[PDB]
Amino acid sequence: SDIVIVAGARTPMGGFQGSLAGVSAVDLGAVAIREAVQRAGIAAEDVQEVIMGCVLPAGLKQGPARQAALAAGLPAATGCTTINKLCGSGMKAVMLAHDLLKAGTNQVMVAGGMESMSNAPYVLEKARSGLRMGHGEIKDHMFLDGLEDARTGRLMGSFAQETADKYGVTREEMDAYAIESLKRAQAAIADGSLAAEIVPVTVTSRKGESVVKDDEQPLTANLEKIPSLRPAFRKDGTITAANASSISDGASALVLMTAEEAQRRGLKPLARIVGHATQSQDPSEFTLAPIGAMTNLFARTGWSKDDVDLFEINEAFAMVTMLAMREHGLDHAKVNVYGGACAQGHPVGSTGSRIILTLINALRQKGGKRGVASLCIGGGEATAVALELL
């Protein structure tokens, strides 16, 4: 059973306590789902199972993906599951779906991601039992259960820093990358090349109500300020907020069906999924997992870099994409052509699925075909997806 991506939608990527702060992650998951369905040509009735990535579901209340579904308009007959594969949660949702559909368990499914890092709460670890005496920690849940390694408590960035140096990556080369990302993720917000993949967002507030249709981080940045930005993860450090992905808010969804189920509803799906692959190695090498994730996909699928037109390779850290580009021998003109998250943002739970939609939607406006999205995973993993335009 050949699996196909019928429709796809995703929210703007609102930066930390920025545009979409007054929206709950769930509410952002709806906007993505609700519009992924409408763009498909199906009804809500006719969705069997949802799978949503969600890394920080503290304070999201019971069954985060259940809520996102009911709000998106879906019936209570529809089954839902929240998953956490950290920064791959969104691309793991698509792969769980893709396999369930190969195994005849459903014929129509949605598979997106969702994060409001802004309203990720705070946590008290000993307050249940009693702190008894002495001061104590109160932990950033975004940080504690998201950005910092379980063993070392070191920031995903701290590791990027170590790995970077070790492979030779100078302030200047890492600034070359993060500088073009700001122009590309402004060249597309200009040529309006992202309005297609995106669905704007009606936000409340004291200052009346407002529409949000554009990626927040790039329009509130400075491209000249870059080679003076203080280091972010080590006093004498090469990594800064320019070349490190942003803390941001958003969601995204895809409708997935079998070839037949789509050829039987006379729907014309955007793309077909050719294969997926998981890379897994040591937490400290999370920044490099992408190399082997593709090296596995290129393996299972029979493809090479050369037979690929575009790649969406998440910029958790400019060096991730760089070293992945370096190691696999990828021309920079064929990688994140509308720019990566070091310009746009990275709502950890959502990106996996966004970059699939963005990839898809680039193969379209660039009249390309064969594509590969990969992202890195805190805990030392990558997930690689490979699809084809229809």
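For every residue, the number given is its place in the sequence shown, counted from 1.
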Which is higher on average in the deposited entry, the C-alpha temperature factors of 152-160 or of 217-225? 217-225
With B-factors read from the PDB entry, the higher C-alpha mean of 83-91 and 164-172 is in 164-172
So if I compare the CA B-factors in the entry for 118, 252, 304, 258, which one is the largest? 304
The residue of 199, 313, 319, 274 with the maximal C-alpha B-factor according to the PDB record is 319
Would the CA B-factor of residue 33 place it in the lowest, middle or highest third of its chain? middle
By the entry's values, the third containing the CA B factor of residue 102 is the middle
Please place residue 331 in the lowest, middle or highest third of its chain according to the CA B-factor in the PDB entry. highest
Where does the C-alpha B-factor of residue 287 rank in its chain, lowest, middle or highest third? lowest
Determine, from the deposited record, the chain-internal third of the Cα B-factor for residue 71: lowest, middle or highest. lowest
